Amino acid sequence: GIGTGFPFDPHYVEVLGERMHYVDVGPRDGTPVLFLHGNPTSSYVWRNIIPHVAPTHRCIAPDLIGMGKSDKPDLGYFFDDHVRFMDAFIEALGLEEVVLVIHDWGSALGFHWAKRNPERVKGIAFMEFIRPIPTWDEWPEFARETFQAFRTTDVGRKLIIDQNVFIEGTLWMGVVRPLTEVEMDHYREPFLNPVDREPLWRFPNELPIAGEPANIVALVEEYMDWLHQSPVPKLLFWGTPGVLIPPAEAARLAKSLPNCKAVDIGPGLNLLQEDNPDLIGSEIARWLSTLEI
């Protein structure tokens, strides 16, 4: 079935006095493809997509600061912290122009960086991405009560940090097919020390839902305005029923984003990579061949 192994040699780079881990495969010459995961995942989420792209393009997949095999300093892990570390990661590797492949909070990082560096982004492939959720009615019903509890300090931290609910419960609820024990262990590994679960709690508290927190809402609105104006080639993957991007929203985006190709992956929730990695990787690989790179 879907591959469970992580057959990538570790690479580390110094970023702002810490070290970040990243996958780095594929040819050295050309435009690199930068894969950005979100919550509560790591570069592991790209393990079955990267092999479709690596034959033709360099694939760089960092673990966000505090996650995967990256260092876990004593930060709050605000979106601003992820921005600072990812900006510095890209510069530390000397990347010039890139293609972005982005998901969940990795998509907020990717779109925010693209808005600020438009001349350096030659294409964006994205899925289940951060957009403003104007009211809780747009969040899926079965998951509203949980995310509302996550978005508190005392109850939410007890759930996410003390009891590891984002890993043990939410993650499994983000894939239609059942994650296997080996896959769960790969997702659990970075967070075996409860103190290291800080980013898993801060992330849902940063989600731009019903206008709060206002700083995140504004930043996400700004990159969405940029995206609808930009001629950058776009590739949107979507599934049914989705979580962040239900089918009706995917359809709205497909007709209103310039130069946008849209691919229905079939059944999918949030981690679309875990329900249909082969279609995602194969379509990205072919789409890269149509770009001016």
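A residue's number is simply how far along the shown sequence it sits, counting from 1.
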- Note on the structure: Mean B factor on CA atoms, stretches 161 to 169 and 107 to 115, record says higher is 161 to 169
- Given the B-factors recorded for C-alpha atoms, which segment has the greater mean, 6 to 14 or 275 to 283? 6 to 14
- Among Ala92, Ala143, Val220, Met127, the highest C-alpha B-factor in the PDB entry belongs to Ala143
- Message: Comparing recorded Cα B-factors across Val175, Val195, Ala88, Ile102, which one is largest?
- Response: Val195
- Message: Taking only the Cα B-factors deposited for this chain, tell me whether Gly123 sits in the lowest, middle or highest third.
- Response: middle
- Query: Can you tell me which third, lowest, middle or highest, the CA B-factor of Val25 falls into for its chain?
  - Reply: highest
- Note on the structure: Tertile call for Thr31 (CA temperature factor, within chain, third-based) is the highest
- Note on the structure: Temperature factor at the Cα of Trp136, chain-ranked in thirds, falls in the highest
- Task: Would you check the entry's CA temperature factor for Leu200 and let me know if it's in the chain's lowest, middle or highest third?
- Result: lowest
